[PDB]
Amino acid sequence: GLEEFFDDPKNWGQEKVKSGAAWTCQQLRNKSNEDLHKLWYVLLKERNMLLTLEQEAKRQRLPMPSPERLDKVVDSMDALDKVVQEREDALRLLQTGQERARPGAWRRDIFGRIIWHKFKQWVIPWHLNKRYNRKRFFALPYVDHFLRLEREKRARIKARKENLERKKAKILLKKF
Amino acid sequence: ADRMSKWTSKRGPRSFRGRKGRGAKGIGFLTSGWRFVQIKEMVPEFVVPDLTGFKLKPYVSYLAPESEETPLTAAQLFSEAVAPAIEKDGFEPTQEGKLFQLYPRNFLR
Amino acid sequence: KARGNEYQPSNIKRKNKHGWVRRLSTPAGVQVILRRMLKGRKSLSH
Amino acid sequence: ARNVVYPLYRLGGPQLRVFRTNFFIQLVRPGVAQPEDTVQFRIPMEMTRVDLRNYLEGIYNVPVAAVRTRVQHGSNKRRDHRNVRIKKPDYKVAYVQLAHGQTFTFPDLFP
Amino acid sequence: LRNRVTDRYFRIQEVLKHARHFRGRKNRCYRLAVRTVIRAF
Amino acid sequence: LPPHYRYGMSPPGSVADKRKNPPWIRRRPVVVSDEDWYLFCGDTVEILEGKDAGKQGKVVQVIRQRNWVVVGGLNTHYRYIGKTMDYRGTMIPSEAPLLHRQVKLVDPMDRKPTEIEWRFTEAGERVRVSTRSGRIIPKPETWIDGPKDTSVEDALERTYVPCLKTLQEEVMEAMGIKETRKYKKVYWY
Amino acid sequence: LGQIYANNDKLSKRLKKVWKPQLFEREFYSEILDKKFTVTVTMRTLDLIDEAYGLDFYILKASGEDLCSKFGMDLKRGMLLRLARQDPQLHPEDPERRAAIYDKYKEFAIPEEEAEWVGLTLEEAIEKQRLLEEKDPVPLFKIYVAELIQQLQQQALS
Amino acid sequence: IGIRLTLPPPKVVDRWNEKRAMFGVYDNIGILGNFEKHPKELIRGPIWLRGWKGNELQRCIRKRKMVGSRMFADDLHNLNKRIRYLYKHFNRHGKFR
Amino acid sequence: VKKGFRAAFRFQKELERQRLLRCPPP
RNA sequence: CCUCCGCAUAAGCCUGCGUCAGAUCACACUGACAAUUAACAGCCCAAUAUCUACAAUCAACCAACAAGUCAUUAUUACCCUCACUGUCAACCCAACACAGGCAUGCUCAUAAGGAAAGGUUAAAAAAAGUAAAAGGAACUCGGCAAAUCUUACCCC
RNA sequence: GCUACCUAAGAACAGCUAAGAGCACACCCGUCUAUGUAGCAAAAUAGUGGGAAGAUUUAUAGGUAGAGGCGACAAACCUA
RNA sequence: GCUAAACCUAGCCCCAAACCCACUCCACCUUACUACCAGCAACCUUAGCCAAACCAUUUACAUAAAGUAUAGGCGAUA
Ligand SMILES: [Mg+2]
Ligand SMILES: [Mg+2]
Ligand SMILES: [Mg+2]
Ligand SMILES: [Mg+2]
Ligand SMILES: [Mg+2]
Ligand SMILES: [Mg+2]
Ligand SMILES: [Mg+2]
Ligand SMILES: [Mg+2]
Ligand SMILES: [Mg+2]
Ligand SMILES: [Mg+2]
Ligand SMILES: [Mg+2]
Ligand SMILES: [Mg+2]
Ligand SMILES: [Mg+2]
Ligand SMILES: [Mg+2]
Ligand SMILES: [Mg+2]
Ligand SMILES: [Mg+2]
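Residues numbered from 1 in each chain as written, not as in the entry; some residues may be left out. Chains lettered and ligands numbered in written order. Part of a larger assembly, values for the part shown. Heavy atoms only, no water.

Q: Outline the interface of chain B and chain F, listing residues and values.
A: A common way to express how large an interface is: the accessible area buried when the components associate. Contacts between chain B and chain F engage 30 residues on the former and 28 residues on the latter. Between chain B and chain F, roughly 2500 Å² of surface is buried when both sides are summed, and carbon and sulfur atoms account for 66% of that area. Here chain B and chain F share two salt bridges between them. Ionic pairing is found between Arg181(F) and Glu41(B), a salt bridge with its closest N-O pair at 3.0 Å. Remark: the boundary between chain B and chain F carries four residue pairs in polar contact. A class-by-class count of the residues in the side of chain B that touches chain F yields 19 nonpolar, three polar and eight charged. (Contact = heavy atoms within 4.5 Å. Buried area = accessible area lost by both parts, 1.4 Å probe. Salt bridge = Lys/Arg side-chain N within 4 Å of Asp/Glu carboxyl O. Polar contact = N/O pair within 3.5 Å; in protein donor to acceptor, adjacent residues only side chain to side chain. Nonpolar A, V, L, I, M, F, W, Y, C, P; charged D, E, K, R; others polar.)

Dropping the structure here:
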């Protein structure tokens, strides 16, 4: 029911609630796939509840009872995501030998800068896709100059950074 | 005549408003006289397990000891499924006749 | 008569006139975009 | 699930599952006096009405009778020391009517 | 700016000390003061 | 927090700090450290210079971006607190931060100020050691469960039998969900 | 593309001029390829061919920077390939003939792995290279298995 | 009022630094080192004007030839413009022509 | 913030003089 | 007392006089919190052939000329339903809380919507009205303007 | 996105008199006067006026661009 | 005595050396930031101001040889 969107009725209006520590990754790793999944739903509900509480607080012009707990929950969730994702990656490596699941490739666009074009997923082959063939992946000679300019700009910035660092160092030396 | 504000479905004229949307993910297609056709398979069905008799909680008691991290790489995984190999002295070549494809993902999350 | 209001807004026109797609459509447009990028503008096209 | 590539359903293909759901939700107090049995949530933009219905049914085991979503604009006016516009984020609101005449008054927190 | 002037106030004073006792802006405003001062001299 | 931020006595997420250092200030940054850093929160230290010259005391707070040590009830100067109404308020002795080099570490046996080095001992492994005197200067520094807390046994059961299964497939199996259909191939590009 | 002085005196107008060459369309046989190509050829080209005798010979003899055409280069490459492989060009009933033809161009005829890349642009070459070293990635699992096997072997040995 | 109240932090200087103490040393290497090197190899600066005086225009010209090919487009353009300007200024505008 | 020192010194002296003129000692 | 305006929709803008808290012609100004819920409107329509001579004008007589704005059929293919987005405001374009500009449907004195006068005095000069003895174009470049209305004749 | 001309598919024109007809709203233009001239306004207000079923007015989207366009030629108009 | 003044360190310039950058997830050539369906494709001498006191051919874009041979309305100049 909708009772799960709020915490225990005992805790309403305490300004301090005890709720110890996030799920560290090692622990998560140690746990099973099914178990992990189960835990995820537990986490999710809690997160939702926390969000609701926060909203309520905002409405009422009052501060949260214990906003660290929300953060902890978030951290735990992140850890869970990482663990499962890692496992998936490992599996992929074992089977197909692919870093990243979603396929793409290195494509030079109009502007000349090389991009990782992530592949979009379609029903018909690329050669008779009317929209996709408009999206052109090549430069032409008018771009080279611009690229060069960009490079120069980048270099200038780098130079500025480096010299600044040196100057700072010098200043420090002078001081001490 | 703002260039800086993010272009959205609220912003244009009627047709424009109709067209865009937010990142909703469409649940079907549209036909005949603007009759939408909600396909059941396009809709994501949430596979929620039963949490009855489930001893895990959303926080972890402070008394639990510290341990160093171990990024679960493929080698480790292999090692932990290498006993059978050892005994011998479980693998798919392609996965095109398989429901949950590991590489160009079918499975969601 | 009063001639101040040359502008008379309609988004569709703007998008066709000055949109990214239109710019892409020519070499000149592309060059414009490139120039803007170089400059470091927050809105390359409309 | 938000910020994930959805697999392409051709015609004879399988049901799309969401194991480990990405988007998470918050139920709020209504501002302007709603009827009994209406519940107001804040959906994250990408999640649909149908999805919301499903979500409630699965995770919370609530009998949802009807759902009606709506995109609220978050204000762009308001500026810095720089005179650059800080944008409050736009969010999606959900009006969920419960079934069986279940009824739901939003409770008092902070007594 | 490599080498720009620091001792300018003093120069101004050097004229203005003579204009001190005139009427109007002449005693304050250097541009006016100078002309008056020279004439007086 | 932006660049050229001045790490004061108050922390970077407080009201006082905000008042002092809002997002549009542009002060001169103060120059100062290394990982070879020997002053901790809780150490007993001797104040060399200024007020209380020669006195020892415990360290309350360390603000290492400014190389500061805050000494407890020492290097004090007097601050009024409360106030607000048309009267005195109340009078506190507030603590000034001491830039290190003015503050040296105290030996437990001698009670004298000492220069320190980070020698790798054979016990295992890295710890402070005094130069003038010998021996180690060590370090500074219950629960009961709640309703939504796992317990130590239930956290470290470890149920992960590593198969080549995928999470999803395993989950499906657990459920008893049956999918007779199969996925028709799609042109990704 | 150049400029002319009006009446070939410098004290008149300078004015821009494009001299175009006289293009023709002609059939052309080639013994190496056995096909009749229709080409945009000029009279100088024809003359060159005559000098070299065969069209094929001309194609072979003429260097890449003097050929000045991508099509020509391609043709040359093809010819080279043919020379290398010794492919059935005239099929059964003409083996002797084929041999004779080959012997006519005993000169030229580079190894097959060079002739593949002749008359390519840079981009084309790059593409070819990419195609060559494409390959789907080797499953790590297989590698792991191999390693395990090796280890086992080592153990057995010791 | 442009002038300032508090007199500056006193500019303390060590005239007996590693630089100033050994200034001019080796400078004079040829006339008492059997001309192995010239003192124009001692001078360390921009690669174009390294034992070579010049004018403004001349300097610019030198820069364009000795470095040009490895100069930043924008900067190169600027240099060119300067040269164009400088030539005009020298060869035409002026007094004493 | 100009580059000098002499000028500043002079100004200081002037200020001192002014002060003396204003509130002289016993 | 005004109403020569009003409510909508379109286009445009994009939270721009809602609640609480706060500060400084007179107090729509800053911070927080709230809001617009689809049935209205957008967002369409599986192929291959094949069909579509006779306007509109109350469509009926008449009557035309500039000659017109609303259609299938055959065969094969096909069970899955209501997702997504617009929905606020005292509002847009004219640098402004600008007498200007601004499409369509109703409302044609309003059931909408508003306020010409901060206070006082009652000089000149100036502006907008109303007044008129007798005369009636004597005005002036010209009956311009005003007032009552209408005769004849040129030029182009 | 102003204006000049066009293309597509639209909309508007009360009332009285009897056809690029007449009077006369809405709409369009802008004759003469006065006011305004750092203005309500980088061309407005007050009246008075020409048109108002047509070579009419007008909303939307598209097109022609400068050695050009577009022009019922005023050497007009083509974002003050 | 008000308005004000004042203030060093933000950083930056010129070099030297050294060949740079660019995929957390999602989105982005359709009206970019838009999950999901049957059509084309890049290369083509710069010019002119300006100088010649107009202007019409013409007018620059390591060191030394050398501003030499040359070129040039045999002049500007190159
Ligand atoms: Mg409304
Ligand atoms: Mg204006
Ligand atoms: Mg009323
Ligand atoms: Mg009033
Ligand atoms: Mg008044
Ligand atoms: Mg009278
Ligand atoms: Mg008279
Ligand atoms: Mg008269
Ligand atoms: Mg009149
Ligand atoms: Mg008429
Ligand atoms: Mg009329
Ligand atoms: Mg004329
Ligand atoms: Mg004329
Ligand atoms: Mg000249
Ligand atoms: Mg001259
Ligand atoms: Mg002249």
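Q: Let's hear about the interface of chain B and chain A: which residues, and what values?
A: The partner chain A presents 41 residues to the 33 residues of chain B that form the contact. Here chain B and chain A share an interface that buries about 3300 Å² over both sides, 63% of which is from carbon and sulfur atoms. Three residues, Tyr59(B), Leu102(B) and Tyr103(B), lead the burial of chain B against chain A; their summed loss comes to 22% of the area buried on that side. Summed over the shared surface of chain B and chain A, the number is one salt bridge. Among the ionic pairs, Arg109(B) bridges to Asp81(A), the shortest N-O distance being 3.0 Å. There are nine residue pairs in polar contact connecting chain B and chain A.

Q: Can you tell me about the protein's contact with RNA strand J, naming the residues and giving the values?
A: In the neighbourhood of RNA strand J, 56 residues make up the surrounding shell, with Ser9(B), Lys10(B), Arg49(D), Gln72(D) and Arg78(D) lying closest. Within the side chain of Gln55(A), a nitrogen or oxygen atom sits 2.9 Å from a phosphate oxygen of RNA strand J. The contact in question runs from a sugar or linking oxygen of RNA strand J to an N or O atom on the side chain of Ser9(B), over 2.5 Å. Of the residues that constitute the surface near RNA strand J, the class distribution is 13 nonpolar, 22 polar and 21 charged. (Near = heavy atom within 4 Å.)

Q: How would you explain the nonpolar core if you had to name every residue and give the values?
A: Core analysis: the biggest nonpolar cluster contains 68 residues, and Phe5(A), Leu39(A), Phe41(D), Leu52(D), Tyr55(D) and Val96(D) have the highest contact counts within it. Of all elements in the fold, only α1 (25-30), α2 (33-60) and α3 (68-95) of chain A, β3 (38-43), α1 (49-60), β4 (64-72) and β5 (91-98) of chain D together with α3 (167-175) of chain F reach the threshold of two or more residues within this core. Looking at which element gives the most residues to this core, the answer is α2(A), with 11 residues. (Core = buried A, V, L, I, M, F, W, Y, C linked by side-chain atoms within 4.5 Å. Buried < 20%, exposed > 50% of the residue type's maximum accessible area, 1.4 Å probe, protein only. Helix = DSSP H or I, 4+ residues; strand = E, 2+ residues; numbered from the N terminus.)

Q: Before we move on, can you summarise the side chain of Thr166(F) with the specific residues and values?
A: One can find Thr166(F) in the loop between α2 (152-155) and α3. Within the structure, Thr166(F) has its side chain in polar contact with the side chain of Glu169(F) (distance 3.1 Å). Residues in contact with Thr166(F), not counting those within four places in the same chain, are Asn33(A), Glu88(A), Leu91(A) and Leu102(B).

Q: Go over helix α4 (residues 144-175) of chain A with me, naming the residues and quoting the values.
A: The terminal C-alpha atoms of α4(A), which comprises 32 residues, lie 47 Å apart, in line with the 46 Å expected from a rise of 1.5 Å per residue. Within the span of α4(A), buried status applies to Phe146(A), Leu149(A), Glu150(A) and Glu152(A). Residues of α4(A) that are buried sit in contact with α3 (27-39) of chain C together with α3 (73-91) of chain H. (Expected span 1.5 Å × (residues − 1).)

Q: Please set out the protein's contact with RNA strand K residue by residue, giving values where relevant.
A: All names here are of chain C. Close to RNA strand K lie 16 residues; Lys1, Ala2, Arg3, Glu6 and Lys17 are nearest. The sugar-phosphate portion of RNA strand K accounts for 64% of its atoms within 4 Å of the protein, the bases making up the rest. Within the side chain of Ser10, an N or O atom sits 3.4 Å from a phosphate oxygen of RNA strand K. Contact between RNA strand K and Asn16: a phosphate oxygen at 3.3 Å from a side-chain N or O atom of the residue. The dominant element in the surface near RNA strand K, judged by the number of residues it contributes, is helix α1 (residues 11-18), at six residues.

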